Structure formats: C-alpha cells, structure tokens
Amino acid sequence: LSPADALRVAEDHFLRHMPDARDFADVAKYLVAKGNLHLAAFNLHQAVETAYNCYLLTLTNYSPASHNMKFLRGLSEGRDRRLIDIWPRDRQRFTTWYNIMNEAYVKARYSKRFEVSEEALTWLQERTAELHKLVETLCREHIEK
Amino acid sequence: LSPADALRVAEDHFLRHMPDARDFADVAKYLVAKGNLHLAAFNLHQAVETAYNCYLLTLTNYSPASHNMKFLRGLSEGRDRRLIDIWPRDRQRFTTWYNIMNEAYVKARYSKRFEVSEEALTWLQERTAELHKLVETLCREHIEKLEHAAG
C-alpha cells in the first residue's frame with residue numbers, strides 16, 4: 001500500500017527468490033552429471049516451486065505458505081495465462097514425467113526406489129528453463145513507475 | 001528376521017542412502033562456491049538428516065518418518081554414544097551455528113532474512129564430514145556377515 005514501497009518490496013522478493021530458483025536448477029544439472037537422478041528431480045521440484053513462489057510474491061505480495069505445487073502453479077497460471085505453455089499436455093509422457101518431479105519432493109530422499117530416466121530429466125530441465133525465463137520476464141514487466 | 005535377509009536389507013539401505021547424504025554435502029560445497037550460503041545450509045541440513053536416516057535404517061530397519069532432526073539425532077545418539085562427539089557444546093557459537101542449520105530446512109527457502117556467515121558454514125561442513133565418516137564406519141561395523149555363519 002504505497003507506490004514506492006510496493007516497488008521496493010517487489011524488487012526485494014524477486015531478488016531474494018529468483019536466484020534460489022536458478023541455483024536449484026543448476027544443482028540439478030550438477031547432480032545429473034553426478035549420476036544422481038533422483039536427487040536431481042528433487043532439485044528440479046524445488047527450482048519450479050521456488051520459481052512460482054517468486055512469481056506470486058513479486059506480483060501480489062503474498063504466497064500461500066503451504067507452498068503446494070499444484071496450488072502455487074494453479075494460482076500462478078490463474079494470474080497470467082502465458083504460464084500454461086510451460087507444461088503442455090499434448091503427449092501423455094509429459095504428465096508421467098511431470099508427476100515424477102512432483103512425487104520427488106515427498107519420495108526420492110525417502111522411498112526405497114524412485115525411477116526416473118535420463119530422458120525424463122532432460123525434459124524437466126528444458127521445461128524448468130522455460131519457466132524460469134518466462135517468470136523472469138513476467139517479473140521485470142511488473143515495474144511500478 | 002532371517003540372518004541372510006537381514007544382511008541384504010541392511011546393505012540395501014546403506015547403499016541407497018549414504019550416497020544421498022554424501023551428495024547433499026557436495027551440493028552444499030558447490031553452493032558455497034556459488035555464494036548461496038542459505039541454500040548451502042539447507043543442503044547441509046539434508047546431508048545430516050539423510051546421514052542419520054541411513055544410520056537408523058541400516059542398524060534397525062526402521063526410521064521415524066517424521067525425519068525430525070532433534071528426533072533422529074536423539075534416536076541415533078541413543079543407539080551409539082560415539083555420535084555425541086560430532087556436535088560439541090564447548091563454545092556457544094557451536095550451538096548458534098548448529099541451530100542455523102536446523103532452522104534452514106524450514107526457513108531459508110521461504111524467509112526474507114536468513115543469516116549465516118562463511119565461518120558458520122565452514123564449521124557445519126567440517127562437522128557434517130565427521131558425521132558422515134563416523135556413520136559410514138558404524139554402518140560397516142554392523143556386519144551380520146558373521147551371523148550368517150549358520151548357512
């Protein structure tokens with residue numbers, strides 16, 4: 001509630017959180033190089049969650065505090081339709097793969113098995129990189145002057 | 001219940017989890033090089049949690065499923081006193097620093113402020129590396145490779 005404050009606060013959010021998101025995606029790449037695909041999916045999950053958190057905070061000064069994936073994605077696509085392109089459902093395997101990441105937070109550290117191919121991970125990386133590019137753009141476009 | 005099964009299962013656990021723990025500690029180093037100290041603390045928290053989870057699974061085929069830190073540490077030190085050396089309280093800053101990591105799972109991704117110095121992180125890295133060395137050793141020492149003598 002105040003033109004100059006609202007700018008300060010939206011800059012603070014975006015600078016605080018977008019770099020966490022980029023870094024999680026980098027950690028994932030690192031872990032793929034290591035051969036630890038399950039923990040890379042976990043980092044991809046975090047890259048994506050953090051990216052949405054960053055989006056919602058920057059543009060509305062609020063984020064759920066569950067930080068639920070479906071929820072934060074829901075809310076974010078609800079605030080700007082351009083974000084739906086990120087996760088196309090024109091092939092089934094795209095949902096299989098996406099669900100692997102979603103399962104990865106809860107499982108992945110803890111389950112005895114957690115199956116994810118190289119191909120799935122390459123796809124989730126491409127998709128995360130577009131989410132990050134777009135989210136970065138949409139956050140800059142929110143410039144109060 | 002079964003000498004050869006119990007060995008298979010304890011190897012499976014340790015091989016499944018110890019490498020997650022090492023890898024979290026490595027990720028932390030990587031993030032320290034990147035200048036992202038808050039997320040490195042987060043990975044350190046996971047390196048430690050995963051290490052204790054690995055310990056308790058290997059030796060007892062069970063782990064809480066809270067995966068609470070105080071808890072899993074409590075349980076793990078309760079089963080082998082050697083693990084108390086890992087987190088000495090002979091300086092106050094050691095408790096400040098440890099608490100930073102503990103707070104790091106919950107905060108750190110989410111909070112606006114999360115303060116952790118280079119010195120703190122270096123100390124948490126050294127400590128995590130001893131936990132991992134010790135845990136690795138205690139897991140190998142758990143060998144029912146003898147108790148399947150009765151073949």
# chains A, B, ... in the order shown; residues from 1 in each chain; ligands from 1
call {"tool": "interface_residues", "arguments": {"of": "chain B", "to": "chain A", "cutoff": "10 Å", "atoms": "only C-alpha atoms", "output": "PyMOL selection string"}}
result
chain B and resi 12-13+16-17+19-21+23-24+26-28+30-31+34+36+38-39+46+50+53-54+63+65+67+108-113
call {"tool": "write_last_selection", "arguments": {"atoms": "N, CA, C and O atoms", "output": "tab-separated table (two decimals), in the first residue's frame"}}
result
chain	number	residue	atom	x	y	z
B	12	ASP	N	21.25	-52.82	1.47
B	12	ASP	CA	20.37	-52.09	0.54
B	12	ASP	C	20.11	-50.65	1.00
B	12	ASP	O	20.27	-49.71	0.24
B	13	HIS	N	19.69	-50.53	2.25
B	13	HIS	CA	19.59	-49.28	2.97
B	13	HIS	C	20.82	-48.38	2.86
B	13	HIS	O	20.75	-47.29	2.33
B	16	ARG	N	21.60	-47.33	-0.60
B	16	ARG	CA	20.56	-46.43	-1.10
B	16	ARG	C	20.71	-45.01	-0.55
B	16	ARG	O	20.44	-44.05	-1.26
B	17	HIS	N	21.11	-44.88	0.73
B	17	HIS	CA	21.01	-43.62	1.45
B	17	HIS	C	22.33	-42.92	1.71
B	17	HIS	O	22.39	-41.70	1.72
B	19	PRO	N	24.84	-42.56	-0.14
B	19	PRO	CA	25.26	-41.71	-1.26
B	19	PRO	C	24.43	-40.43	-1.42
B	19	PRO	O	24.97	-39.41	-1.87
B	20	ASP	N	23.14	-40.49	-1.08
B	20	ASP	CA	22.30	-39.24	-0.98
B	20	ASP	C	22.92	-38.26	0.05
B	20	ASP	O	23.08	-37.09	-0.22
B	21	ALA	N	23.35	-38.76	1.19
B	21	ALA	CA	23.95	-37.92	2.19
B	21	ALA	C	25.24	-37.28	1.69
B	21	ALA	O	25.45	-36.11	1.85
B	23	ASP	N	26.13	-36.79	-1.35
B	23	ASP	CA	25.78	-35.86	-2.43
B	23	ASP	C	25.17	-34.56	-1.94
B	23	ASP	O	25.45	-33.52	-2.53
B	24	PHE	N	24.35	-34.59	-0.89
B	24	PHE	CA	23.87	-33.35	-0.34
B	24	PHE	C	25.05	-32.51	0.16
B	24	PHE	O	25.11	-31.30	-0.10
B	26	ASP	N	28.07	-32.50	-0.89
B	26	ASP	CA	28.80	-31.99	-2.03
B	26	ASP	C	28.06	-30.79	-2.62
B	26	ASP	O	28.67	-29.71	-2.89
B	27	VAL	N	26.74	-30.95	-2.81
B	27	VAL	CA	25.90	-29.83	-3.29
B	27	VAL	C	26.14	-28.60	-2.44
B	27	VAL	O	26.24	-27.48	-2.94
B	28	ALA	N	26.25	-28.79	-1.14
B	28	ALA	CA	26.49	-27.65	-0.26
B	28	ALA	C	27.79	-26.93	-0.64
B	28	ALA	O	27.82	-25.73	-0.71
B	30	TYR	N	29.38	-26.94	-3.48
B	30	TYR	CA	29.04	-26.25	-4.72
B	30	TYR	C	28.32	-24.92	-4.46
B	30	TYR	O	28.72	-23.90	-4.98
B	31	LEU	N	27.30	-24.93	-3.63
B	31	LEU	CA	26.56	-23.69	-3.38
B	31	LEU	C	27.38	-22.63	-2.63
B	31	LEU	O	27.16	-21.41	-2.80
B	34	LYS	N	29.18	-20.95	-5.09
B	34	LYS	CA	28.25	-20.03	-5.77
B	34	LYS	C	27.87	-18.79	-4.95
B	34	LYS	O	27.20	-17.90	-5.43
B	36	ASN	N	25.81	-18.91	-2.45
B	36	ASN	CA	24.47	-19.09	-1.90
B	36	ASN	C	24.50	-19.87	-0.59
B	36	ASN	O	24.30	-21.09	-0.55
B	38	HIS	N	22.71	-19.60	2.21
B	38	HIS	CA	21.47	-20.04	2.84
B	38	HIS	C	21.04	-21.41	2.27
B	38	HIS	O	20.75	-22.33	3.02
B	39	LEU	N	21.10	-21.56	0.95
B	39	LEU	CA	20.77	-22.84	0.35
B	39	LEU	C	21.81	-23.91	0.63
B	39	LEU	O	21.52	-25.09	0.53
B	46	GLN	N	20.08	-31.37	5.00
B	46	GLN	CA	19.69	-32.61	4.38
B	46	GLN	C	20.81	-33.67	4.44
B	46	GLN	O	20.52	-34.89	4.53
B	50	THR	N	19.78	-37.05	6.29
B	50	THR	CA	19.91	-38.26	5.50
B	50	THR	C	20.96	-39.19	6.11
B	50	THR	O	20.85	-40.41	5.99
B	53	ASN	N	19.21	-40.86	9.04
B	53	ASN	CA	18.24	-41.77	8.48
B	53	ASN	C	18.92	-43.06	7.99
B	53	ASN	O	18.47	-44.18	8.24
B	54	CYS	N	20.04	-42.89	7.31
B	54	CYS	CA	20.81	-44.02	6.82
B	54	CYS	C	21.34	-44.86	7.97
B	54	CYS	O	21.35	-46.06	7.90
B	63	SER	N	13.04	-46.14	10.45
B	63	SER	CA	13.28	-44.73	10.72
B	63	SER	C	11.95	-43.97	10.87
B	63	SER	O	11.03	-44.20	10.11
B	65	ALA	N	10.09	-41.42	10.09
B	65	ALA	CA	9.17	-40.94	9.05
B	65	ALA	C	8.63	-39.53	9.34
B	65	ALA	O	7.95	-38.97	8.50
B	67	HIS	N	11.27	-37.78	10.14
B	67	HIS	CA	12.57	-37.30	9.78
B	67	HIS	C	12.85	-35.96	10.50
B	67	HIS	O	13.47	-35.07	9.92
B	108	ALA	N	14.85	-20.24	5.15
B	108	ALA	CA	15.94	-20.47	4.17
B	108	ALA	C	15.56	-20.51	2.68
B	108	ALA	O	16.23	-19.89	1.85
B	109	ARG	N	14.54	-21.30	2.36
B	109	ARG	CA	13.86	-21.19	1.08
B	109	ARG	C	12.79	-20.10	1.17
B	109	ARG	O	12.51	-19.42	0.20
B	110	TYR	N	12.22	-19.94	2.35
B	110	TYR	CA	10.98	-19.23	2.48
B	110	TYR	C	11.11	-17.85	3.13
B	110	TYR	O	10.45	-16.91	2.70
B	111	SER	N	11.99	-17.71	4.13
B	111	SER	CA	12.13	-16.45	4.86
B	111	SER	C	12.83	-15.36	4.04
B	111	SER	O	13.59	-15.66	3.13
B	112	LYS	N	12.53	-14.10	4.38
B	112	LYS	CA	13.15	-12.92	3.75
B	112	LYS	C	14.59	-12.78	4.19
B	112	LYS	O	15.47	-12.43	3.40
B	113	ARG	N	14.82	-13.07	5.46
B	113	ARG	CA	16.11	-12.95	6.09
B	113	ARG	C	16.58	-14.35	6.45
B	113	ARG	O	15.82	-15.10	7.05
call {"tool": "select_by_dssp", "arguments": {"residues": "range 12-140 of chain B", "states": "alpha helix (DSSP H)", "output": "short mmCIF file (atom, residue, chain, number, x, y, z; two decimals) with C-alpha atoms, in the first residue's frame"}}
result
data_model
loop_
_atom_site.label_atom_id
_atom_site.label_comp_id
_atom_site.auth_asym_id
_atom_site.auth_seq_id
_atom_site.Cartn_x
_atom_site.Cartn_y
_atom_site.Cartn_z
CA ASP B 12 20.37 -52.09 0.54
CA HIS B 13 19.59 -49.28 2.97
CA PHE B 14 23.15 -48.12 3.38
CA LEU B 15 23.83 -48.21 -0.37
CA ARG B 16 20.56 -46.43 -1.10
CA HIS B 17 21.01 -43.62 1.45
CA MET B 18 24.63 -42.96 2.23
CA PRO B 19 25.26 -41.71 -1.26
CA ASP B 20 22.30 -39.24 -0.98
CA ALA B 21 23.95 -37.92 2.19
CA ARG B 22 27.38 -37.51 0.60
CA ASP B 23 25.78 -35.86 -2.43
CA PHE B 24 23.87 -33.35 -0.34
CA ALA B 25 27.18 -32.37 1.38
CA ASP B 26 28.80 -31.99 -2.03
CA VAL B 27 25.90 -29.83 -3.29
CA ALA B 28 26.49 -27.65 -0.26
CA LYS B 29 30.14 -27.06 -1.23
CA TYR B 30 29.04 -26.25 -4.72
CA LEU B 31 26.56 -23.69 -3.38
CA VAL B 32 29.19 -22.14 -1.11
CA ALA B 33 31.35 -21.62 -4.18
CA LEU B 37 25.07 -19.74 1.75
CA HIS B 38 21.47 -20.04 2.84
CA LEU B 39 20.77 -22.84 0.35
CA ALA B 40 24.04 -24.48 1.28
CA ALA B 41 22.85 -24.63 4.87
CA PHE B 42 19.69 -26.24 3.57
CA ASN B 43 21.71 -28.92 1.79
CA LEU B 44 23.85 -29.39 4.88
CA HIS B 45 20.66 -29.94 6.90
CA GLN B 46 19.69 -32.61 4.38
CA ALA B 47 23.18 -34.18 4.43
CA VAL B 48 22.86 -34.62 8.15
CA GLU B 49 19.26 -35.76 8.26
CA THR B 50 19.91 -38.26 5.50
CA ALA B 51 23.01 -39.49 7.27
CA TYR B 52 21.10 -40.25 10.48
CA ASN B 53 18.24 -41.77 8.48
CA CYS B 54 20.81 -44.02 6.82
CA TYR B 55 22.28 -44.92 10.18
CA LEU B 56 19.00 -45.81 11.82
CA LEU B 57 17.74 -47.75 8.75
CA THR B 58 20.92 -49.83 8.39
CA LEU B 59 21.13 -50.80 12.06
CA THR B 60 17.42 -51.25 12.92
CA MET B 69 16.35 -33.55 13.30
CA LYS B 70 16.38 -33.43 17.10
CA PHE B 71 14.44 -36.68 16.94
CA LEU B 72 16.66 -38.64 14.51
CA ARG B 73 19.77 -37.31 16.26
CA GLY B 74 18.26 -38.22 19.61
CA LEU B 75 17.49 -41.74 18.38
CA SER B 76 20.87 -42.14 16.79
CA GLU B 77 22.97 -40.91 19.73
CA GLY B 78 20.74 -43.07 21.94
CA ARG B 79 21.91 -46.18 19.99
CA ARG B 93 28.84 -20.30 18.81
CA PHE B 94 28.71 -24.04 18.05
CA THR B 95 25.03 -24.02 19.20
CA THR B 96 24.27 -20.85 17.35
CA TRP B 97 25.68 -22.32 14.14
CA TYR B 98 24.03 -25.74 14.60
CA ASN B 99 20.70 -24.01 15.17
CA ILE B 100 21.16 -22.09 11.91
CA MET B 101 21.25 -25.36 10.01
CA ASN B 102 18.26 -26.68 11.92
CA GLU B 103 16.27 -23.57 11.10
CA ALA B 104 17.46 -23.92 7.43
CA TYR B 105 15.07 -26.60 6.27
CA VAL B 106 12.04 -24.64 7.41
CA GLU B 118 31.10 -18.15 5.94
CA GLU B 119 32.66 -19.21 9.21
CA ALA B 120 29.45 -20.91 10.36
CA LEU B 121 29.22 -22.81 7.07
CA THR B 122 32.77 -23.94 7.19
CA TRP B 123 32.18 -25.30 10.67
CA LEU B 124 28.96 -27.10 9.63
CA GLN B 125 30.84 -28.63 6.68
CA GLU B 126 33.60 -29.98 8.96
CA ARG B 127 31.04 -31.38 11.38
CA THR B 128 28.96 -32.97 8.55
CA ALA B 129 32.09 -34.61 7.18
CA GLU B 130 32.80 -36.21 10.60
CA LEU B 131 29.19 -37.35 10.92
CA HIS B 132 29.48 -38.95 7.50
CA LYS B 133 32.83 -40.59 8.25
CA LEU B 134 31.58 -41.92 11.58
CA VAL B 135 28.23 -43.04 10.25
CA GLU B 136 29.94 -44.79 7.36
CA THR B 137 32.16 -46.63 9.79
CA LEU B 138 29.36 -47.58 12.23
CA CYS B 139 27.34 -48.95 9.27
CA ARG B 140 30.17 -51.17 8.02
#
call {"tool": "closest_residue", "arguments": {"among": "A:78, A:32, A:128, A:37", "to": "residue 104 in chain A", "atoms": "only C-alpha atoms"}}
result
A:37
call {"tool": "closest_residue", "arguments": {"among": "A:124, A:100, A:59, A:33", "to": "residue 138 in chain A", "atoms": "only C-alpha atoms"}}
result
A:59
call {"tool": "residues_around", "arguments": {"residues": "residue 49 in chain A", "least_positions_apart": "2", "cutoff": "8 Å", "atoms": "only C-alpha atoms", "output": "number ranges by chain"}}
result
A: 45-47, 51-53, 67-69, 72
call {"tool": "closest_residue", "arguments": {"among": "A:83, A:75, A:142, A:35", "to": "residue 116 in chain A", "atoms": "only C-alpha atoms"}}
result
A:35
